[PDB]
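In: starting from these lines, generate the structure:
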Amino acid sequence: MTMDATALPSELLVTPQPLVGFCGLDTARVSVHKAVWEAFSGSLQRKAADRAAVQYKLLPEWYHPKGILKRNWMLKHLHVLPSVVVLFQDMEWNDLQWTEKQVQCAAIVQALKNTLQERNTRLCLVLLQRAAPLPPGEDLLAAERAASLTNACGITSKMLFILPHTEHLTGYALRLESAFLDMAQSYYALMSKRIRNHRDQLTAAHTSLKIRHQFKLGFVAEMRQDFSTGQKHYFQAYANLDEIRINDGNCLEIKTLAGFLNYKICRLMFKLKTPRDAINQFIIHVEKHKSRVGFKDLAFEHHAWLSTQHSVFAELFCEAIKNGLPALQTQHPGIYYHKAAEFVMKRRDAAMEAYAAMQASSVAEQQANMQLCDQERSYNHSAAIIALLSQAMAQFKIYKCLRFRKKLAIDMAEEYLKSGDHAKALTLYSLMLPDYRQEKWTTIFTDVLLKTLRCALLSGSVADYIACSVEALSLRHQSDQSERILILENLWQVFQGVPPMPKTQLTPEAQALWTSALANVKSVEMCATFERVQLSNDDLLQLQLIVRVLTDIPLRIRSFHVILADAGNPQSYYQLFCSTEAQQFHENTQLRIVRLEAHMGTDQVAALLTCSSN
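Out: Numbers count the residues shown, from 1 in each chain. Take a look:
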């Protein structure tokens, strides 16, 4: 009829490769088969240029398509069914035990040809003539034993191959691979012809079976490296899907199929390096899809799948990087990494909506749809969101794009906020806030500042909390004055260590958590000036440091401190007595204080605001 091409992801993520089989071989031989398999794993030892694509696997109206009709047929074709069958055996040249070799290899090839009769596959046999090498044209018993084979089965002579000694076995394995390339491409072409002949007939114009056929056609082509032909048959299948009706119960499956198709064709793009072509196909179909659905769209569908769309395309971005293309990433390291990240954000928001529509009183299996939601309720951790953010983070960091990755970092911390996970949010914010002050732009600086307020109060890193709060009061004039007053009260509280006021948010658990704090914690702008330095060991300096408050609200005028320095030798507007210098120290030392540390109101500004000298 019109059955799905496949509902199976995680398929052929690596470059698809042929498979030729090896039978169930016992441990008794596996040791020497080790060497045997070594040559086989030699395909994985050698460079891709030397490496043959094929690998190994083990086993013990109109008429309906055979080999195409179902997606498990596709997959079983992919790896379960080898294009060619090869059974490796040993052949010691002897007299009558070698006749027993004849009978035994006859039995095994009889079983093998029965299996082939099940599944229409070409066969080859490999024999180690473990004896010493001899010239070709010497062993008539080779012909005799081939004839014993043929009367048993009829396998052609040339399909027989020999790997006498390991030092010989290696080269004979290389040419084995070459011959296998031969037969494998032969079988692949034969199946290609099968598909095209199938496609020339319609079972009463079902029109979707042929879609499966052209899909499998692309499979064949990419097996045979004709990437262009197969990718364009894929795209033609996309066109065919377009011709199909939309918005039915199928349209979601249509969208997923087109996702498969976009995946494959974009692979074949970047293999052929047609970048903007891949971009155009990507967009074209994805906005097709956004149009095609207006609802249901429970938005773990067509939104999460949108996320997976950008996920696969990011996969193909990194695939290009492994290939080495710098184009789109000089443009945008991952155009779609963070994009899929915001798509999983909308995923989670839609999940919140799902909970909302659930909070309604919540017969065509809508409960299963609700059960869908329950399934969708599972993928609500949104930690995978955080990880996708991490990949986008690193991906943009690849070309050292600090700003963008930093703002994705504040994204991460915001998400941890949404999840209620204050800790690591606070960590990333702790990194960002000095950065944001370095960007000098106070607006978002303050916005992440109140975010940090929430983060630290929830965490209880009240040292960090108050540091951000105080550099916030520095220039908090963009915010409410009364909240400045409240926060200043919080400042005196924390300096005393007594619980801070924003109990309007606080709940007792984290409250106690930070009550634990500050037992360990150990430690608006004004100006420093000098009337005289570099003295003649007679001068007397004095308070040239103008203590200015740029906060509208005052801080309680408590007290003062000055800290002595040792270079060379050891020795609105509010001003009050300090007599900072009356100690007649030694000459030519400019004691410029690291930080002010006078006791106005409380200890200090601590967060790194102190000037040098005159």
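In: C-alpha from now on. contacts and neighbour counts both.
Out: Fine.
In: which stretch of helix or strand covers residue 500?
Out: Residue 500 is part of no helix or strand when elements are defined by DSSP states H and E.
In: quick check: it vs residue 462, distance?
Out: As for residue 500, its distance to residue 462 is 9 Å (criterion: C-alpha to C-alpha, to the nearest Å).
In: joint contacts of these two?
Out: By C-alpha atoms under 8 Å, 6 or more residues apart in numbering, residue 500 and residue 462 have these common neighbours: residue 494.
In: what about the helices in the stretch 351-500 of the chain?
Out: 366-378, 383-398, 402-419, 422-438, 442-459, 462-474, 481-496 (DSSP state H, counting those that start in this stretch).
In: for residue 600, which three-state class applies?
Out: coil (DSSP: H, G, I helix; E, B strand; the rest coil).
In: correct me, but it touches residue 562?
Out: No. In this structure, residue 600 is not within contact of residue 562 by C-alpha atoms under 8 Å, at 12.0 Å.
In: which ones are touching residue 110?
Out: 152-153.
In: which SSE is it in?
Out: Going by DSSP H and E, residue 110 is part of helix 97-119.
In: CA atoms only for that helix, dumped as CSV, please.
Out: In CSV, the C-alpha atoms belonging to helix 97-119 read as follows (Å, rounded to 0.1, in the frame of the first residue of the first chain):
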residue,chain,number,x,y,z
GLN,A,97,42.0,-37.4,5.7
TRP,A,98,41.9,-34.9,2.9
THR,A,99,39.0,-37.0,1.5
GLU,A,100,37.4,-36.4,4.9
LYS,A,101,38.1,-32.7,4.3
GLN,A,102,36.3,-33.2,1.0
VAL,A,103,33.2,-34.6,2.7
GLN,A,104,33.2,-32.1,5.6
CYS,A,105,33.6,-29.0,3.3
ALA,A,106,30.9,-30.6,1.2
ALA,A,107,28.6,-30.8,4.2
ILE,A,108,29.3,-27.2,5.2
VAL,A,109,28.8,-25.8,1.6
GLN,A,110,25.7,-27.9,1.3
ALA,A,111,24.2,-26.2,4.3
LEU,A,112,25.5,-22.9,3.0
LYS,A,113,23.9,-23.3,-0.4
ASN,A,114,20.6,-24.3,1.3
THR,A,115,20.9,-21.0,3.2
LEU,A,116,21.6,-19.2,-0.1
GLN,A,117,18.6,-20.8,-1.6
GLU,A,118,16.7,-19.1,1.2
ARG,A,119,18.2,-15.7,0.3
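In: distance of the residue nearest to residue 566 when sequence neighbours are not counted from residue 597?
Out: The shortest distance from residue 566 to any non-neighbouring residue, by C-alpha to C-alpha, 6 or more residues apart in numbering, is to residue 591 (6.9 Å). Using C-alpha to C-alpha, residue 591 is found at 15 Å from residue 597.
In: what of residue 204?
Out: Using C-alpha to C-alpha, we find residue 204 at a distance of 90 Å from residue 597.
In: look at these two and report which has more neighbours.
Out: residue 597 (17 against 9; other C-alpha atoms under 10 Å).
In: secondary structure class for the more buried one?
Out: coil.
In: next, the buried residues of stretch 583-593.
Out: Residues of stretch 583-593 classed as buried: 585-587, 589-593 (neighbour count, 16 or more other C-alpha atoms under 10 Å).
In: need those residues in CSV (columns: distance to residue 369 and secondary structure).
Out: Output for those, formatted as CSV (distance: C-alpha to C-alpha, whole Å; DSSP: H, G, I helix; E, B strand; the rest coil):
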residue, distance to residue 369, secondary structure
585, 84, coil
586, 85, coil
587, 85, coil
589, 80, coil
590, 77, coil
591, 75, coil
592, 71, coil
593, 69, coil
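In: of those, which is the nearest to residue 189?
Out: Within the buried residues of stretch 583-593, the smallest distance to residue 189 is 83.5 Å, found for residue 593 (C-alpha to C-alpha).
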